[PDB]
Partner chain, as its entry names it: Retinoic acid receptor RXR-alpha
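Starting off, we have a lone chain in the form deposited without the partner chain, written out as structure tokens.
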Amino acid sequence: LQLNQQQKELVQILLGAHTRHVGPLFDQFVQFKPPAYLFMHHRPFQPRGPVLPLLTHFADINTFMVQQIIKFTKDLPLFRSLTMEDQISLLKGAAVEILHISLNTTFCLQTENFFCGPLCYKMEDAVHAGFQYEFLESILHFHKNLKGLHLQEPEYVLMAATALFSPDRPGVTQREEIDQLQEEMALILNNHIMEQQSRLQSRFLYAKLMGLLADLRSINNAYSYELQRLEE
């Protein structure tokens, strides 16, 4: 219950990593041939026509986010300290979770749209790309729930690090060493939140976050085929 020098230094390293590779991420989507209507924020009756371009765009931004995210982790000495296998296994399992956690950063609660650069994503756009409604609703509830907590870079990065060092993921060997990492990550998350008692005013913030981390994992386990198909 209080952050020591080691911990404060860790937060900074995380933030640094996040800021270089993920923060600038969302503003690069426009480079991946986005369909014209994506540039409009207000389009109640606008048609979308062909799926291919829209579809391959989502394909584009998804690969780019997963790439940057990999870089993100790669900039963490703690992560590098693990075995090749374990890393590939942790990323292979936490990339989607870090993605929506990072993406919530551009999410607007008032309009339930993500503002990435000059682009404006709406749930209906994913619908038009063939994503399952139930999937999309869950993904949406998550983002609404998480935005309502009024988080900031620090809380976002810590949370992401918490999801990264999860041992329960298949293919891991150093299960107990890594589980130690996650616990140190959560304790820093928790204590960090307290340090900001005045800013963060939702009750049971920590639990609510870890709770949402649970919801996220469930959603992927359930509609995993939606993503596996996108990746091909």
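Residue numbers count along the first chain shown, from 1.
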property	result
79-87 set against 131-139, stretch whose average Cα temperature factor tops the other in the entry	79-87
Average Cα temperature factor in the PDB entry - higher stretch of 7-15, 219-227	219-227
Among 147, 122, 92, 74 - the residue whose C-alpha B-factor is largest in the record	92
Selection from 33, 169, 192, 42 [criterion: highest C-alpha temperature factor in the record]	169
Record-listed C-alpha B factor of residue 180: chain third	highest
Residue 25 by Cα B-factor - lowest, middle or highest third of the modelled chain	middle
For residue 56, the third of its chain into which the C-alpha B factor falls	middle
Chain thirds of CA B-factor: placement of residue 212	middle
Lowest, middle or highest third - CA B-factor, residue 68	middle
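The next section is about a form of this same protein that is not shown, the form solved in complex with the partner chain.
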{"property": "Three-residue site 58, 62 and 124 fully in contact with the partner chain in the bound PDB entry at 4.5 Å by heavy atom", "result": "no"}
{"property": "Distance check, residue 193 to the partner chain in the bound PDB entry, heavy atom within 4.5 Å", "result": "no"}
{"property": "Close approach of residue 36 to the partner chain in the bound PDB entry, 4.5 Å, heavy atom", "result": "no"}
{"property": "Residue 179, heavy atom within 4.5 angstroms of the partner chain in the bound PDB entry", "result": "yes"}
{"property": "Contact of residue 26 with the partner chain in the bound PDB entry (heavy atom, 4.5 Å)", "result": "no"}
